[PDB]
Every structure is written in C-alpha cells, then in structure tokens.
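Below, in structure tokens: the form solved without the named molecule, a single chain.
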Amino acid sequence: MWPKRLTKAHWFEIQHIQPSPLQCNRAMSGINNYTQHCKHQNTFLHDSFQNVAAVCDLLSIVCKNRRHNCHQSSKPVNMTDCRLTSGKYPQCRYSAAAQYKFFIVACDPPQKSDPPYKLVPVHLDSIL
C-alpha cells in the first residue's frame, strides 16, 4: 500500500521513475489505484531517481506554466509512453511505445519528508 500522504517529489518518483523493461499494465496499476481512475497516458523515465534529481542542478529554464523552476536533461534517456487503450477501471489496459528523448523537469526545494537535496524533481514538464 503506498503511503497515503505523499510529497510532490515522492509522487513524481512513483509516477515517472521506473526501470525497464516494464509492462505498462502492471506499472500503471498502482498509480491508477491511487487516483481511482485509468490514467490516459503516462511517461516512465528509465533512469534512477538520483540521476533525474541531478537534472535539477542544471540551468533553470521556463516551464509550460511560465514559472522558471524547470531544468532540461543534458542527454536523452530511454523512456516508455503508456497510452490507455481499453478497459473499465480498475481493468485498465495500455499500449507501450519506447522513446529516446530529452526531458524537462520542474524542481522545488525539498519538503521535510523528501531526501535533503538542494532541489527535488516534482513535475515532468516536457519531453523533447
């Protein structure tokens, strides 16, 4: 059972930091249970939390929401794009598509419950 009271960064990890190979139907089940719906799409970054969090130390750039707490990866990474293809919740089923792309994360100072880096990733802003 996932903790019931997650930080933004912890939810980012759960939703977007997962290793490959991974199967979309299985990998989405916890996320969907947590949100009580079949999420229509989700991108899994096939990199470690530590490596993704290190992107936060890179130059800050503008986000889609017009804040300036975003940061671009210095290299592309392998990622899987899970796209909902059928099922009534909780029977959610997905197609998978591999990608090899740069990403942009929004980062914030850690909350008290987060690992005590200078900044932690909280939102997958873009893939590009």
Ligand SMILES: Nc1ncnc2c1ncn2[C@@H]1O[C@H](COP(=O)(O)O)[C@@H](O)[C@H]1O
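Numbering starts at 1 and runs along the sequence shown. Superpose the two forms; the largest set of C-alphas matching within 1.5 Å is the rigid core.
- When the C-alpha B-factors of 116-124 and 5-13 are averaged, 5-13 comes out higher.
- Mean C-alpha B-factor is higher over 83-91 than over the other stretch, the pair under comparison being 83-91 and 42-50.
- Across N78, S73, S29, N69, the entry's maximum B-factor at the CA atom is seen for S29.
- Sort the modelled residues of the chain by CA B factor and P21 lands in the highest third.
- In the PDB entry, a CA B factor belonging to the middle third of its chain's modelled residues is recorded for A98.
The next section is about a form of this same protein that is not shown, the form deposited with the named molecule bound.
- Take the named molecule as it sits in the deposited bound form, overlay the site C-alphas onto this chain, and none of its atoms lands within 2.4 Å of the backbone or a C-beta, so the site here is open.
- Though the named molecule is absent from this view, in the deposited bound form it lies within 4.5 Å of a heavy atom of just one residue from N69, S73, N32, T80, which is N69.
- In the deposited bound form, the named molecule sits within 4.5 Å of a heavy atom of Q15.
- Interface membership of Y117, defined by any non-hydrogen atom within 4.5 Å of the named molecule in the deposited bound form, is ruled out.
- Using a 4.5 angstroms limit between non-hydrogen atoms, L124 touches the named molecule in the deposited bound form.
- The named molecule in the deposited bound form comes within 4.5 Å of no heavy atom belonging to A27.
- The two forms, fitted on the rigid core, differ between this form and the one not shown by less than 2 Å at the CA of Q111.
- After superposition on the rigid core, the Cα atom of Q23 is displaced by less than 2 Å between this form and the one not shown.
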